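Asker: Structure file query38.pdb (PDB, N, CA, C and O atoms and all ligand atoms) is given on the next line.
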ATOM      1  N   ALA A  27     -25.203 -30.519   1.041
ATOM      2  CA  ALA A  27     -26.307 -29.836   1.757
ATOM      3  C   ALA A  27     -26.040 -28.330   1.871
ATOM      4  O   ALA A  27     -24.939 -27.876   1.561
ATOM      5  N   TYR A  28     -27.019 -27.538   2.320
ATOM      6  CA  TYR A  28     -26.955 -26.068   2.344
ATOM      7  C   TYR A  28     -27.510 -25.462   3.639
ATOM      8  O   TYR A  28     -28.286 -26.103   4.347
ATOM      9  N   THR A  29     -27.165 -24.204   3.929
ATOM     10  CA  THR A  29     -27.850 -23.399   4.959
ATOM     11  C   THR A  29     -27.782 -21.891   4.670
ATOM     12  O   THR A  29     -27.053 -21.437   3.787
ATOM     13  N   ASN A  30     -28.587 -21.109   5.385
ATOM     14  CA  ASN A  30     -28.665 -19.654   5.289
ATOM     15  C   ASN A  30     -27.405 -18.983   5.871
ATOM     16  O   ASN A  30     -27.036 -19.227   7.017
ATOM     17  N   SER A  31     -26.760 -18.108   5.100
ATOM     18  CA  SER A  31     -25.584 -17.333   5.522
ATOM     19  C   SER A  31     -25.874 -16.185   6.494
ATOM     20  O   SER A  31     -24.942 -15.675   7.113
ATOM     21  N   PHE A  32     -27.127 -15.742   6.632
ATOM     22  CA  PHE A  32     -27.491 -14.533   7.376
ATOM     23  C   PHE A  32     -26.640 -13.316   6.940
ATOM     24  O   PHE A  32     -26.502 -13.030   5.752
ATOM     25  N   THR A  33     -26.080 -12.586   7.900
ATOM     26  CA  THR A  33     -25.247 -11.382   7.759
ATOM     27  C   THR A  33     -23.753 -11.656   7.533
ATOM     28  O   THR A  33     -22.973 -10.712   7.425
ATOM     29  N   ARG A  34     -23.311 -12.921   7.553
ATOM     30  CA  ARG A  34     -21.892 -13.293   7.694
ATOM     31  C   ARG A  34     -21.033 -12.836   6.513
ATOM     32  O   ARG A  34     -21.536 -12.602   5.420
ATOM     33  N   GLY A  35     -19.720 -12.743   6.733
ATOM     34  CA  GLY A  35     -18.733 -12.490   5.674
ATOM     35  C   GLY A  35     -18.505 -11.022   5.302
ATOM     36  O   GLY A  35     -17.952 -10.745   4.240
ATOM     37  N   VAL A  36     -18.900 -10.075   6.152
ATOM     38  CA  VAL A  36     -18.436  -8.677   6.079
ATOM     39  C   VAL A  36     -16.997  -8.591   6.589
ATOM     40  O   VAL A  36     -16.623  -9.299   7.521
ATOM     41  N   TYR A  37     -16.180  -7.707   6.026
ATOM     42  CA  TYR A  37     -14.798  -7.494   6.450
ATOM     43  C   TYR A  37     -14.400  -6.023   6.341
ATOM     44  O   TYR A  37     -15.010  -5.281   5.579
ATOM     45  N   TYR A  38     -13.385  -5.581   7.087
ATOM     46  CA  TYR A  38     -12.879  -4.206   6.991
ATOM     47  C   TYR A  38     -12.255  -3.972   5.602
ATOM     48  O   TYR A  38     -11.227  -4.578   5.299
ATOM     49  N   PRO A  39     -12.849  -3.138   4.729
ATOM     50  CA  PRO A  39     -12.467  -3.069   3.317
ATOM     51  C   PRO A  39     -11.118  -2.381   3.059
ATOM     52  O   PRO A  39     -10.510  -2.600   2.013
ATOM     53  N   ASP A  40     -10.630  -1.555   3.982
ATOM     54  CA  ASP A  40      -9.338  -0.864   3.913
ATOM     55  C   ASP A  40      -8.771  -0.610   5.321
ATOM     56  O   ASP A  40      -9.485  -0.657   6.322
ATOM     57  N   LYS A  41      -7.458  -0.371   5.425
ATOM     58  CA  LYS A  41      -6.752  -0.259   6.717
ATOM     59  C   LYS A  41      -6.860   1.126   7.384
ATOM     60  O   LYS A  41      -5.969   1.538   8.121
ATOM     61  N   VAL A  42      -7.944   1.853   7.132
ATOM     62  CA  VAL A  42      -8.189   3.213   7.635
ATOM     63  C   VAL A  42      -9.171   3.163   8.797
ATOM     64  O   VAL A  42     -10.230   2.553   8.690
ATOM     65  N   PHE A  43      -8.854   3.821   9.909
ATOM     66  CA  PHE A  43      -9.812   3.991  10.997
ATOM     67  C   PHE A  43     -10.908   4.984  10.598
ATOM     68  O   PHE A  43     -10.624   6.068  10.092
ATOM     69  N   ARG A  44     -12.166   4.656  10.876
ATOM     70  CA  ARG A  44     -13.318   5.560  10.762
ATOM     71  C   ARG A  44     -14.235   5.325  11.949
ATOM     72  O   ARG A  44     -14.310   4.202  12.425
ATOM     73  N   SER A  45     -14.960   6.332  12.413
ATOM     74  CA  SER A  45     -15.901   6.176  13.523
ATOM     75  C   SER A  45     -17.115   7.077  13.373
ATOM     76  O   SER A  45     -17.051   8.125  12.734
ATOM     77  N   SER A  46     -18.239   6.647  13.945
ATOM     78  CA  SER A  46     -19.536   7.328  13.864
ATOM     79  C   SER A  46     -19.899   7.751  12.434
ATOM     80  O   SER A  46     -20.255   8.903  12.186
ATOM     81  N   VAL A  47     -19.768   6.837  11.469
ATOM     82  CA  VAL A  47     -20.012   7.114  10.045
ATOM     83  C   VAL A  47     -20.574   5.898   9.318
ATOM     84  O   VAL A  47     -20.223   4.759   9.615
ATOM     85  N   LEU A  48     -21.437   6.142   8.337
ATOM     86  CA  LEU A  48     -22.046   5.132   7.478
ATOM     87  C   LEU A  48     -21.332   5.143   6.123
ATOM     88  O   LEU A  48     -21.808   5.720   5.149
ATOM     89  N   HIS A  49     -20.130   4.575   6.085
ATOM     90  CA  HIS A  49     -19.304   4.525   4.877
ATOM     91  C   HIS A  49     -19.887   3.548   3.853
ATOM     92  O   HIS A  49     -20.494   2.550   4.230
ATOM     93  N   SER A  50     -19.704   3.791   2.556
ATOM     94  CA  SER A  50     -20.221   2.919   1.499
ATOM     95  C   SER A  50     -19.141   2.544   0.502
ATOM     96  O   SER A  50     -18.345   3.384   0.090
TER      97      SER A  50
ATOM     98  N   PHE B 497      20.944 -14.482 -27.164
ATOM     99  CA  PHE B 497      21.632 -13.189 -27.182
ATOM    100  C   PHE B 497      23.085 -13.263 -27.666
ATOM    101  O   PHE B 497      23.943 -13.823 -26.982
ATOM    102  N   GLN B 498      23.335 -12.677 -28.842
ATOM    103  CA  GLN B 498      24.643 -12.549 -29.490
ATOM    104  C   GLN B 498      25.198 -11.136 -29.265
ATOM    105  O   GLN B 498      24.474 -10.163 -29.490
ATOM    106  N   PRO B 499      26.477 -10.959 -28.888
ATOM    107  CA  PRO B 499      27.041  -9.634 -28.636
ATOM    108  C   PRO B 499      27.058  -8.729 -29.880
ATOM    109  O   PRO B 499      27.057  -7.508 -29.738
ATOM    110  N   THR B 500      27.029  -9.312 -31.084
ATOM    111  CA  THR B 500      26.982  -8.603 -32.379
ATOM    112  C   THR B 500      25.562  -8.264 -32.880
ATOM    113  O   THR B 500      25.408  -7.622 -33.921
ATOM    114  N   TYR B 501      24.496  -8.637 -32.156
ATOM    115  CA  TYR B 501      23.134  -8.183 -32.476
ATOM    116  C   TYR B 501      23.022  -6.648 -32.500
ATOM    117  O   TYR B 501      23.709  -5.948 -31.753
ATOM    118  N   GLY B 502      22.087  -6.124 -33.298
ATOM    119  CA  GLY B 502      21.668  -4.722 -33.219
ATOM    120  C   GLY B 502      21.030  -4.399 -31.865
ATOM    121  O   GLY B 502      20.476  -5.280 -31.204
ATOM    122  N   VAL B 503      21.107  -3.144 -31.422
ATOM    123  CA  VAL B 503      20.768  -2.746 -30.041
ATOM    124  C   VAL B 503      19.367  -3.188 -29.598
ATOM    125  O   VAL B 503      19.195  -3.651 -28.475
ATOM    126  N   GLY B 504      18.381  -3.161 -30.495
ATOM    127  CA  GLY B 504      17.004  -3.586 -30.212
ATOM    128  C   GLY B 504      16.817  -5.087 -29.948
ATOM    129  O   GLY B 504      15.802  -5.506 -29.383
ATOM    130  N   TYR B 505      17.809  -5.894 -30.319
ATOM    131  CA  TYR B 505      17.866  -7.343 -30.125
ATOM    132  C   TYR B 505      18.871  -7.753 -29.036
ATOM    133  O   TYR B 505      18.836  -8.888 -28.568
ATOM    134  N   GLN B 506      19.747  -6.847 -28.591
ATOM    135  CA  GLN B 506      20.621  -7.079 -27.439
ATOM    136  C   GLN B 506      19.804  -7.249 -26.142
ATOM    137  O   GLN B 506      18.711  -6.685 -26.028
ATOM    138  N   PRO B 507      20.312  -7.999 -25.148
ATOM    139  CA  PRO B 507      19.642  -8.147 -23.866
ATOM    140  C   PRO B 507      19.662  -6.833 -23.087
ATOM    141  O   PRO B 507      20.690  -6.165 -22.984
ATOM    142  N   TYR B 508      18.517  -6.483 -22.514
ATOM    143  CA  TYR B 508      18.369  -5.456 -21.497
ATOM    144  C   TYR B 508      17.941  -6.123 -20.192
ATOM    145  O   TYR B 508      16.958  -6.870 -20.171
ATOM    146  N   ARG B 509      18.639  -5.828 -19.093
ATOM    147  CA  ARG B 509      18.122  -6.102 -17.747
ATOM    148  C   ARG B 509      17.047  -5.081 -17.425
ATOM    149  O   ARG B 509      17.196  -3.895 -17.717
ATOM    150  N   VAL B 510      15.964  -5.556 -16.828
ATOM    151  CA  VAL B 510      14.826  -4.747 -16.408
ATOM    152  C   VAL B 510      14.510  -5.074 -14.958
ATOM    153  O   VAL B 510      14.435  -6.238 -14.565
ATOM    154  N   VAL B 511      14.304  -4.028 -14.173
ATOM    155  CA  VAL B 511      13.840  -4.074 -12.794
ATOM    156  C   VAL B 511      12.581  -3.227 -12.701
ATOM    157  O   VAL B 511      12.514  -2.139 -13.269
ATOM    158  N   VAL B 512      11.578  -3.704 -11.977
ATOM    159  CA  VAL B 512      10.316  -2.992 -11.794
ATOM    160  C   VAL B 512      10.004  -2.912 -10.311
ATOM    161  O   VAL B 512       9.556  -3.882  -9.704
ATOM    162  N   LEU B 513      10.286  -1.754  -9.719
ATOM    163  CA  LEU B 513       9.987  -1.462  -8.326
ATOM    164  C   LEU B 513       8.491  -1.176  -8.198
ATOM    165  O   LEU B 513       8.009  -0.150  -8.670
ATOM    166  N   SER B 514       7.756  -2.073  -7.556
ATOM    167  CA  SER B 514       6.311  -1.962  -7.363
ATOM    168  C   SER B 514       6.034  -1.548  -5.928
ATOM    169  O   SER B 514       6.450  -2.245  -5.003
ATOM    170  N   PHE B 515       5.329  -0.441  -5.717
ATOM    171  CA  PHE B 515       5.089   0.103  -4.384
ATOM    172  C   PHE B 515       3.677  -0.250  -3.908
ATOM    173  O   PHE B 515       2.700   0.081  -4.578
ATOM    174  N   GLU B 516       3.526  -0.836  -2.720
ATOM    175  CA  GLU B 516       2.234  -0.783  -2.016
ATOM    176  C   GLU B 516       2.182   0.492  -1.156
ATOM    177  O   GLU B 516       2.424   0.484   0.052
ATOM    178  N   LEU B 517       1.913   1.616  -1.830
ATOM    179  CA  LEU B 517       1.872   2.986  -1.296
ATOM    180  C   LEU B 517       0.555   3.270  -0.543
ATOM    181  O   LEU B 517      -0.112   4.281  -0.756
ATOM    182  N   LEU B 518       0.136   2.314   0.287
ATOM    183  CA  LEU B 518      -1.197   2.247   0.897
ATOM    184  C   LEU B 518      -1.257   2.814   2.328
ATOM    185  O   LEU B 518      -0.258   3.183   2.943
ATOM    186  N   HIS B 519      -2.475   2.827   2.871
ATOM    187  CA  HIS B 519      -2.830   3.220   4.244
ATOM    188  C   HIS B 519      -2.324   2.240   5.319
ATOM    189  O   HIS B 519      -2.515   2.465   6.510
ATOM    190  N   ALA B 520      -1.734   1.120   4.906
ATOM    191  CA  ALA B 520      -1.111   0.124   5.769
ATOM    192  C   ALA B 520       0.131   0.689   6.500
ATOM    193  O   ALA B 520       0.707   1.686   6.060
ATOM    194  N   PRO B 521       0.595   0.065   7.599
ATOM    195  CA  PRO B 521       1.853   0.444   8.243
ATOM    196  C   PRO B 521       3.039   0.338   7.274
ATOM    197  O   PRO B 521       3.057  -0.517   6.387
ATOM    198  N   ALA B 522       4.039   1.206   7.413
ATOM    199  CA  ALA B 522       5.214   1.212   6.546
ATOM    200  C   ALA B 522       6.339   0.289   7.040
ATOM    201  O   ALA B 522       6.497   0.081   8.242
ATOM    202  N   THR B 523       7.170  -0.211   6.118
ATOM    203  CA  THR B 523       8.419  -0.933   6.437
ATOM    204  C   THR B 523       9.591  -0.605   5.505
ATOM    205  O   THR B 523      10.730  -0.823   5.898
ATOM    206  N   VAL B 524       9.366  -0.079   4.299
ATOM    207  CA  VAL B 524      10.429   0.424   3.409
ATOM    208  C   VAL B 524      10.315   1.928   3.386
ATOM    209  O   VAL B 524       9.240   2.427   3.071
ATOM    210  N   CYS B 525      11.359   2.670   3.728
ATOM    211  CA  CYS B 525      11.175   4.089   4.035
ATOM    212  C   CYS B 525      12.321   4.980   3.553
ATOM    213  O   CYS B 525      13.478   4.568   3.567
ATOM    214  N   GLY B 526      12.021   6.208   3.134
ATOM    215  CA  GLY B 526      13.041   7.157   2.691
ATOM    216  C   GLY B 526      14.027   7.560   3.802
ATOM    217  O   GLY B 526      13.706   7.454   4.988
ATOM    218  N   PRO B 527      15.235   8.033   3.455
ATOM    219  CA  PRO B 527      16.332   8.291   4.394
ATOM    220  C   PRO B 527      16.175   9.591   5.211
ATOM    221  O   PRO B 527      17.154  10.297   5.461
ATOM    222  N   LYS B 528      14.952   9.960   5.607
ATOM    223  CA  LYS B 528      14.652  11.225   6.304
ATOM    224  C   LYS B 528      15.117  11.205   7.759
ATOM    225  O   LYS B 528      14.834  10.264   8.499
ATOM    226  N   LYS B 529      15.782  12.276   8.188
ATOM    227  CA  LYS B 529      16.218  12.497   9.573
ATOM    228  C   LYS B 529      15.014  12.880  10.445
ATOM    229  O   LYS B 529      14.573  14.028  10.439
ATOM    230  N   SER B 530      14.446  11.916  11.164
ATOM    231  CA  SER B 530      13.282  12.129  12.035
ATOM    232  C   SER B 530      13.567  13.126  13.160
ATOM    233  O   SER B 530      14.688  13.189  13.663
ATOM    234  N   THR B 531      12.551  13.869  13.595
ATOM    235  CA  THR B 531      12.650  14.854  14.685
ATOM    236  C   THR B 531      12.065  14.317  15.990
ATOM    237  O   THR B 531      11.317  13.335  16.010
ATOM    238  N   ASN B 532      12.311  15.027  17.090
ATOM    239  CA  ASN B 532      11.464  14.947  18.278
ATOM    240  C   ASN B 532      10.015  15.370  17.940
ATOM    241  O   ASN B 532       9.786  16.101  16.971
ATOM    242  N   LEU B 533       9.040  14.895  18.712
ATOM    243  CA  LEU B 533       7.618  15.226  18.562
ATOM    244  C   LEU B 533       7.250  16.519  19.310
ATOM    245  O   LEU B 533       7.802  16.803  20.373
ATOM    246  N   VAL B 534       6.275  17.272  18.793
ATOM    247  CA  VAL B 534       5.697  18.470  19.426
ATOM    248  C   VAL B 534       4.172  18.349  19.423
ATOM    249  O   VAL B 534       3.600  17.812  18.479
ATOM    250  N   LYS B 535       3.505  18.833  20.472
ATOM    251  CA  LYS B 535       2.049  18.724  20.664
ATOM    252  C   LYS B 535       1.440  20.052  21.106
ATOM    253  O   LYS B 535       2.145  20.944  21.565
ATOM    254  N   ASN B 536       0.124  20.179  20.966
ATOM    255  CA  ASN B 536      -0.712  21.325  21.344
ATOM    256  C   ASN B 536      -0.420  22.661  20.624
ATOM    257  O   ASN B 536      -1.307  23.512  20.561
ATOM    258  N   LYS B 537       0.759  22.850  20.023
ATOM    259  CA  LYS B 537       1.056  23.947  19.087
ATOM    260  C   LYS B 537       0.547  23.631  17.680
ATOM    261  O   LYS B 537       0.543  22.471  17.275
ATOM    262  N   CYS B 538       0.206  24.652  16.895
ATOM    263  CA  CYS B 538       0.080  24.509  15.443
ATOM    264  C   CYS B 538       1.464  24.257  14.833
ATOM    265  O   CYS B 538       2.396  25.029  15.073
ATOM    266  N   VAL B 539       1.609  23.194  14.047
ATOM    267  CA  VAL B 539       2.879  22.689  13.510
ATOM    268  C   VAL B 539       2.698  22.100  12.115
ATOM    269  O   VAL B 539       1.615  21.649  11.747
ATOM    270  N   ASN B 540       3.766  22.077  11.325
ATOM    271  CA  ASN B 540       3.840  21.196  10.164
ATOM    272  C   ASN B 540       4.226  19.792  10.618
ATOM    273  O   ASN B 540       4.985  19.630  11.571
ATOM    274  N   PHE B 541       3.762  18.771   9.913
ATOM    275  CA  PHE B 541       4.124  17.396  10.212
ATOM    276  C   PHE B 541       4.276  16.558   8.950
ATOM    277  O   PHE B 541       3.755  16.881   7.886
ATOM    278  N   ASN B 542       4.989  15.450   9.096
ATOM    279  CA  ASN B 542       5.183  14.442   8.076
ATOM    280  C   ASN B 542       5.313  13.083   8.772
ATOM    281  O   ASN B 542       6.375  12.767   9.304
ATOM    282  N   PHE B 543       4.239  12.296   8.809
ATOM    283  CA  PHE B 543       4.249  10.944   9.371
ATOM    284  C   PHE B 543       4.335   9.941   8.225
ATOM    285  O   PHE B 543       3.428   9.889   7.408
ATOM    286  N   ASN B 544       5.388   9.134   8.119
ATOM    287  CA  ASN B 544       5.549   8.162   7.021
ATOM    288  C   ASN B 544       5.300   8.744   5.604
ATOM    289  O   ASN B 544       4.713   8.083   4.751
ATOM    290  N   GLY B 545       5.678   9.994   5.333
ATOM    291  CA  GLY B 545       5.424  10.664   4.047
ATOM    292  C   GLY B 545       4.064  11.372   3.928
ATOM    293  O   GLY B 545       3.837  12.086   2.951
TER     294      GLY B 545
HETATM  295  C1  LIG C   1     -30.478 -23.311  -0.948
HETATM  296  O1  LIG C   1     -31.102 -23.459   0.365
HETATM  297  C2  LIG C   1     -32.511 -23.935   0.327
HETATM  298  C3  LIG C   1     -32.999 -24.112   1.772
HETATM  299  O2  LIG C   1     -32.171 -25.073   2.461
HETATM  300  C4  LIG C   1     -32.632 -25.227  -0.512
HETATM  301  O3  LIG C   1     -34.027 -25.476  -0.787
HETATM  302  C5  LIG C   1     -31.910 -25.137  -1.869
HETATM  303  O4  LIG C   1     -31.955 -26.434  -2.527
HETATM  304  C6  LIG C   1     -30.464 -24.707  -1.609
HETATM  305  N1  LIG C   1     -29.593 -24.800  -2.787
HETATM  306  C7  LIG C   1     -29.701 -24.035  -3.871
HETATM  307  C8  LIG C   1     -28.624 -24.237  -4.946
HETATM  308  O5  LIG C   1     -30.607 -23.215  -3.993
END
Please express the file's structure as structure tokens.
Ligand SMILES: *[C@@H]1O[C@H](CO)[C@@H](O)[C@H](O)[C@H]1NC(C)=O
Answerer:
Amino acid sequence: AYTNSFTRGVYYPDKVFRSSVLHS
Amino acid sequence: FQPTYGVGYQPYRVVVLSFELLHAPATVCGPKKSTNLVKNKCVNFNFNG
């Protein structure tokens, strides 16, 4: 069987702190 | 491996030091004599290289 994942499975891509930024 | 082989056929030991030289916390480190810390002044610094 199946279901919708929504937004799930994002992770911190590198061990660097960043704040107030839209990193890509 | 025969001791009488030509040099290109003799055994060589090989070691390959692979570095995770990343933004992660350090645990293998150069033999540098660390200093006391200074703040609010303009200073040179070296944190983990
Ligand atoms: C994906 O989810 C929908 C809704 O539950 C379903 O119709 C479909 O069969 C599911 N599987 C695949 C492989 O699309």
Asker: Would you compute the distance between atom O of residue 532 (chain B) and CA of residue 519 (chain B)? Give it in Å to one decimal.
Answerer: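 A separation of 22.1 Å between them.
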Asker: To one decimal place, how far is CA of residue 512 (chain B) from CA of residue 544 (chain B) in Å?
Answerer: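 Going from CA of residue 512 (chain B) over to CA of residue 544 (chain B) covers 22.4 Å.
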Asker: As a list in words, please: every protein or nucleic acid residue near ligand LIG 1 (chain C) (cut-off 8 Å, counting only C-alpha atoms and all ligand atoms).
Answerer: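 Using only C-alpha atoms and all ligand atoms, everything at most 8 Å from ligand LIG 1 (chain C) comes to residues 27, 28, 29 and 30 of chain A.
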Asker: Show me, as a list in words, every residue of chain B with an atom at most 8 Å from chain A, counting all atoms listed in the file.
Answerer: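 For chain B, the answer reads residues 518, 519, 520 and 521 of chain B.
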Asker: Distance CA of residue 514 (chain B)-CA of residue 527 (chain B), one decimal place?
Answerer: 18.5 Å
Asker: Using only C-alpha atoms, determine which residues lie at most 12 Å from residue 525 (chain B), disregarding the query and same-chain residues fewer than 2 positions distant; provide the list as number ranges by chain.
Answerer: B: 515-517, 521-523, 527-530, 543-545
